[PDB]
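1. these are from a larger complex, still in place; more later:
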Amino acid sequence: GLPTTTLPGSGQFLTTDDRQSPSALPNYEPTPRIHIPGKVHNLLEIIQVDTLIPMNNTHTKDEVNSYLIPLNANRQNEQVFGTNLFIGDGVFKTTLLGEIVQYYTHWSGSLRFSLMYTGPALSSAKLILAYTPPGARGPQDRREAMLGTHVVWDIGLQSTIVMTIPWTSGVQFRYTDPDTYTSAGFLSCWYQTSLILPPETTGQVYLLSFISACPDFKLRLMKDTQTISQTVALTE
Amino acid sequence: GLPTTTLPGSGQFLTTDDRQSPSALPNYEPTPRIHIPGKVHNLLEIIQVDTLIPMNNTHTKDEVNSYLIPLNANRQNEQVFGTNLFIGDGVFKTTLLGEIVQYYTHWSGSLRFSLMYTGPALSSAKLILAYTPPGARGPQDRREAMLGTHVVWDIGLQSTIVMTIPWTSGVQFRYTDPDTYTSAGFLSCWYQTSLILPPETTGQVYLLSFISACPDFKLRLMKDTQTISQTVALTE
């Protein structure tokens, strides 16, 4: 008989442990694995695939239309859309990125925001996208917007433009749930010159917008998502 | 005194464990082993010996007669017997194979079904045995039956015919207790030409049928058999 002493914590059950436990049904024998395409190893692998952002959130019931950012022909100087960058809330929240970020407490890294244009091929347009780093207000006019991170996008044969929100930060991690100290800025978009439709054409054209994370990205300290809850256990 | 911590599960009794325990009566001394023919090591060794199937289940009290499949002289085109292949139920259930399969939850593998003919030596017959893989109904006529796994059996000097139900399956294991998704097919038998008795002879002739497992076979996840129960403890 070897002398032992038990410490504080004996008998506790910590749902975040990784120890051994006996095998209820020994000498069993699993079924062999066959090959299946698509294996995922890290959630970091999947948040780099871009998905659509319901940017046009202004509706009243969920609709395919809140994915469409409208553009008006012949407007000059004006603003196309605006949003803050609380990736865990608001427009971002239902996107795959938003949806995964919510399983973690802290995030750090660059984001990739792209816009794909869908107007007739014989039209043309020049837009400016601007990222405003924390510390200033959402820009109120392009002059204000153009003094921060921006890209003049020229609509052409190449249909999409990929803007990166480079990680601009004092503190090396931000909270995924919106927090002030930790806030990330604003994203706005304005006409640089203006949309022009060809003859025989009319109305609004739309941009689709996507979001995905750069390879830069870090997420840490897992927790429970506000995105799902329940009141009684389900049954069959 | 060495510091320890006890984990969740301490003090439990799992009837499926394999740990050490003190010897109640030490320095004992067993009796030597002598040699005995017949040692069994695996249940897989014994389910390869074939045993008779009470195929003729149509009686009302258990009788030697439900082991006998009758054959009629001069019938043409017609059907000799039919059964599904739920090896854990129905005809199969009391056979040694059926009886062991019931100690496990899953089975996979090929089955060997053979028929031994017992009619007078001066008679003759040609039968077709057909295996119908999952997905179609039990065949309704030989034409239907002959399009799946089948063997034309010619009754001769060699008294038995061994049909194999080759493992035909998407999923690599099936349930021993009958389940749909997991179902294995049907087995039917029809006259290929017809039984013919010699002169001075009359009546029905019978086939005996056996079942055993091919060396192919796998059984896993042990459990309790529905084949035995009790209401009070027995006594001497």
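-> Structure's in. What do you need? Numbers count the residues shown, from 1 in each chain, chains lettered A, B, ... in the order given.
2. so the residue most central in space within chain A is in which element?
-> Nearest to the mean C-alpha position of chain A, by C-alpha atoms, centre = their mean, lies residue A:97 at 3.9 Å. Assigned by DSSP states H and E, residue A:97 belongs to helix A:96-101.
3. which residues of chain A lie near chain B?
-> Residues of chain A found near chain B (C-beta under 8 Å from any C-beta of the partner chain) are A:2-7, A:9-13, A:17, A:19, A:21-26, A:28-29, A:31-32. Heads up, the C-betas are built off the backbone N, CA and C, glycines and all.
4. give me that answer again for 10 Å
-> For chain A, the contact set with chain B under C-beta under 10 Å from any C-beta of the partner chain comprises A:2-14, A:17, A:19-32, A:34.
5. what does the helix holding residue A:97 rub up against?
-> Residues outside helix A:96-101 that contact it (C-beta atoms under 10 Å, 6 or more residues apart in numbering or on different chains) are A:43-44, A:46-53, A:86-93, A:95, A:107, A:111-112, A:176-177, A:210-213, A:217, A:219, A:225, A:227.
6. one step back: now the buried members of the residues of chain A next to chain B.
-> Neighbour counting with 16 or more other C-beta atoms under 10 Å in any protein chain shown marks none of the residues of chain A next to chain B as buried.
7. circling back to that earlier point, out of the contacts of helix A:96-101, which sit inside helices?
-> Assigned to helices by DSSP state H, the following of these qualify: A:43-44, A:46.
8. same list (those) but as a markdown table, adding distance to residue B:74.
-> Listed next are these as a markdown table, based on distance: C-beta to C-beta, whole Å:
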| residue | distance to residue B:74 |
| --- | --- |
| A:43 | 74 |
| A:44 | 77 |
| A:46 | 71 |
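9. so what's residue A:188 bridging to?
-> On the basis of DSSP bridges, residue A:188 is bridged to residue A:82, residue A:130.
10. append chain C to the structure above:
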Amino acid sequence: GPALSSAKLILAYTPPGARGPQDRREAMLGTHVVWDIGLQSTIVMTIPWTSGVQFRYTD
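-> The block that follows adds chain C to the chains above:
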């Protein structure tokens, strides 16, 4: 057609033994090419020699 128009046609060869196809579904089950009208103005379909007998009559 005008350069600013567009079209997609299917050409189908039906080997001997069946009737002239009566609808595209029927037609598309034999030798066929989906032609996409583009910059490249012509499409070349080949009727590959499908035959039991190695020569046919011209009449």
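11. what do you get for the contacts of helix A:96-101 once chain C is counted?
-> A:43-44, A:46-53, A:86-93, A:95, A:107, A:111-112, A:176-177, A:210-213, A:217, A:219, A:225, A:227.
12. please, a PyMOL command that selects the buried ones among these?
-> To isolate the buried ones among the contacts of helix A:96-101 in PyMOL, judged by 16+ other C-beta under 10 Å, type:
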select buried, chain A and resi 47+50+52+53+86+87+88+89+90+91+92+93+95+107+111+112+176+210+211+212+213+217+219
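13. show only the entries of the contacts of helix A:96-101 found in strands.
-> A:51-52, A:107, A:111-112, A:210-213, A:219 (DSSP state E).
14. need these in JSON lines (columns: distance to residue B:138).
-> JSON lines is the format used below for these (distance: C-beta to C-beta, whole Å):
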{"residue": "A:51", "distance to residue B:138": "50"}
{"residue": "A:52", "distance to residue B:138": "52"}
{"residue": "A:107", "distance to residue B:138": "61"}
{"residue": "A:111", "distance to residue B:138": "62"}
{"residue": "A:112", "distance to residue B:138": "60"}
{"residue": "A:210", "distance to residue B:138": "55"}
{"residue": "A:211", "distance to residue B:138": "57"}
{"residue": "A:212", "distance to residue B:138": "55"}
{"residue": "A:213", "distance to residue B:138": "57"}
{"residue": "A:219", "distance to residue B:138": "57"}
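15. nearest to residue B:164 among the residues you listed?
-> Within the ones in strands among the contacts of helix A:96-101, the smallest distance to residue B:164 is 52.2 Å, found for residue A:51 (C-beta to C-beta).
16. so the closest one versus residue B:17, what's the distance?
-> 48 Å (C-beta to C-beta, to the nearest Å).
17. cool, and residue A:24?
-> Distance of residue A:24 to residue B:17, computed by C-beta to C-beta: 9 Å.
18. what does residue A:181 give?
-> Where residue B:17 is concerned, residue A:181 sits at a distance of 53 Å (C-beta to C-beta).
19. with residue A:235 instead?
-> Distance from residue A:235 to residue B:17, by C-beta to C-beta: 33 Å.
20. tack on chain D:
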Amino acid sequence: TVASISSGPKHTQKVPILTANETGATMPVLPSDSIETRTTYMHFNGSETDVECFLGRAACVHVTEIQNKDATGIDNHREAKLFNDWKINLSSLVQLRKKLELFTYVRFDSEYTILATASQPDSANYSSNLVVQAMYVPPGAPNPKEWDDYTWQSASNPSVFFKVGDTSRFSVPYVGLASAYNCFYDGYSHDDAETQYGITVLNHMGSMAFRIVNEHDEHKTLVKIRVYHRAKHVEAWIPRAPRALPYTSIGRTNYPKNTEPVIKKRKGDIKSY
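-> That brings us to chain D, laid onto the chains above:
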């Protein structure tokens, strides 16, 4: 590892930021393709986002309850919670489901942890000490009928004996007929016109039967069982879109009617911040 390299002014014919999303790719664009950057290192590995880590902590998967009371004159033990089942799940308690359903196919060893606590809601002199028995009476296995049937001998059938207030742990390999468990299944068990749909067809693995081994004392004792499940040795294939609407049933994808808009409406314009 560098998180960003140093990059300076650009005036090229080579534009990495113009792409064609119609292709289905997400081109790997970085901050340094469109602004001037400085070197910085990652200092991080992505350890805690590994799927083994993501699915590897215990989650509550089931809460049931049984009572110890005089069975004298009870015509239906099962019905009096003199014992009780649990049709093995992992999709009843939605918190771990969303997690799991982020994947199509998934393979993982298991480690079950059962906590049992007792309650004595009405006048008792004391708290008795009960031993729970937990058993696996799967497909072919004789189901318990009374709380003290021959079934409970369970001599071929695994079963746990632990004390109420304590905890019962153990683990289990992948006992799923196929190479992975289907998180989704767009099929039927056969081509029947009325057979059921979903995965409720596949997820076949009998139930768990709990009971108290103790005979009855003078008062009644409620024992409530909580089953926790931790995946170990995880393997997951084919990522899917996360669950947006609420769940209604074990094993079907169905969402409730007149549900509410899941995308938050702006308080303001598209232009709003």
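21. circling back to that earlier point, gap between the helix holding residue A:97 and the chain center?
-> How far helix A:96-101 lies from its chain's middle: 6 Å, per C-alpha atoms, centre = their mean, to the nearest Å.
22. distance check, the residue nearest to the centre of chain A against chain D.
-> The gap separating residue A:97 from chain D is 11 Å, by C-beta to the nearest C-beta, to the nearest Å.
23. residues contacting the residue lying closest to residue A:104 once chain neighbours are set aside?
-> Distances taken as C-beta to C-beta, 6 or more residues apart in numbering or on different chains put residue A:219 closest to residue A:104, at 4.1 Å, once the chain neighbours are dropped. Contact analysis of residue A:219 by C-beta under 10 Å, 6+ apart lists A:42-44, A:47, A:100-109, A:173, A:176, A:213, D:44, D:46, D:48-49.
24. kindly recompute the last result at 6 Å.
-> A:104, A:107, D:49 (C-beta atoms under 6 Å, 6 or more residues apart in numbering or on different chains).
25. kindly report the same for residue A:103.
-> A:222, A:225.
26. ok, now with 7 Å
-> A:222-223, A:225 (C-beta atoms under 7 Å, 6 or more residues apart in numbering or on different chains).
27. so which of those reach chain D?
-> Applying C-beta under 7 Å from any C-beta of the partner chain to these, one finds that residue A:222 fall near chain D.
28. could the contacts of residue A:103 be laid out in a markdown table, adding distance to residue D:246?
-> Formatted as a markdown table, the contacts of residue A:103 follow (distance: C-beta to C-beta, whole Å):
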| residue | distance to residue D:246 |
| --- | --- |
| A:222 | 23 |
| A:223 | 20 |
| A:225 | 13 |
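29. which among the contacts of residue A:103 gets closest to chain B?
-> Nearest to chain B out of the contacts of residue A:103 is residue A:222 (C-beta to the nearest C-beta; 20.9 Å).
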